[PDB]
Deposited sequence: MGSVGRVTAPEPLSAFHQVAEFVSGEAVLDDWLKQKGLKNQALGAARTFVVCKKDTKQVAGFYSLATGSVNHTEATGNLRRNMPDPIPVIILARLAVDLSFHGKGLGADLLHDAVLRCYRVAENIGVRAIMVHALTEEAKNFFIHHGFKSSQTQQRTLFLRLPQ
């Protein structure tokens, strides 16, 4: 009843996208395309079928962990949002499913070691904990998922 995730393009309608977190909605509308072109971040969207209106999205970005030993590469799941019209319909877990499988394929090809998440609210943190992410006890609202190899 929604389309398979596809890379954000200029043809996707994102103007009327409302998640409940305004910071995520603003990033999508104002920085999605720019970062797509810079390669700073890669945004995938799902649309209402037979339209280009965005029902949900997530952004993957490359990062590294350093000690204050060469840096350890990680994927940053920077953002995940569902439109309020589609909340609690299992789309958020469907996007997390897609996002994590995609990070598995990236790990196989460039050897990123973990998915990192910086949750904005503590309710966002518990969404990831509920789906098997491990909560950092040395940092606030940071979660990890180890990637194969």
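**Student:** Which bits of the deposited sequence have no atoms placed for their C-alpha?
**Tutor:** Residues lacking C-alpha coordinates: 1 to 5, 74 to 83.
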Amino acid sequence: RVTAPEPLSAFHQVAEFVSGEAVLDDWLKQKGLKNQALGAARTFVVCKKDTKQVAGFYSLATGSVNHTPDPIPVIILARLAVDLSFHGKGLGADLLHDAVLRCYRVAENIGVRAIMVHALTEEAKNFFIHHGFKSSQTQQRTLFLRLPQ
From here on, numbers count along this sequence of modelled residues.
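**Student:** With respect to the recorded C-alpha B factors, which stretch has the higher mean value, 98 to 106 or 80 to 88?
**Tutor:** Averaging CA B-factors over each stretch, the winner is 80 to 88.
**Student:** Please say which third, lowest, middle or highest, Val2 falls into when its CA temperature factor is compared across its chain.
**Tutor:** For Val2, the deposited C-alpha B-factor lands in the highest third.
**Student:** By its CA B factor, does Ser19 count among the lowest, middle or highest third of the modelled residues in the chain?
**Tutor:** Answer is highest: the recorded C-alpha B-factor places it there.
**Student:** Which third, lowest, middle or highest, does the CA B-factor of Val45 fall in along this chain?
**Tutor:** Answer is lowest: the recorded C-alpha B-factor places it there.
**Student:** For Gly32, does the deposited CA B-factor place it in the lowest, middle or highest third of the chain?
**Tutor:** Tercile = lowest for this residue's CA B-factor.
**Student:** Lowest, middle or highest third: where is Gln140 by Cα B-factor in its chain?
**Tutor:** Highest third - that is where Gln140 ends up once the chain's C-alpha B-factors are sorted.
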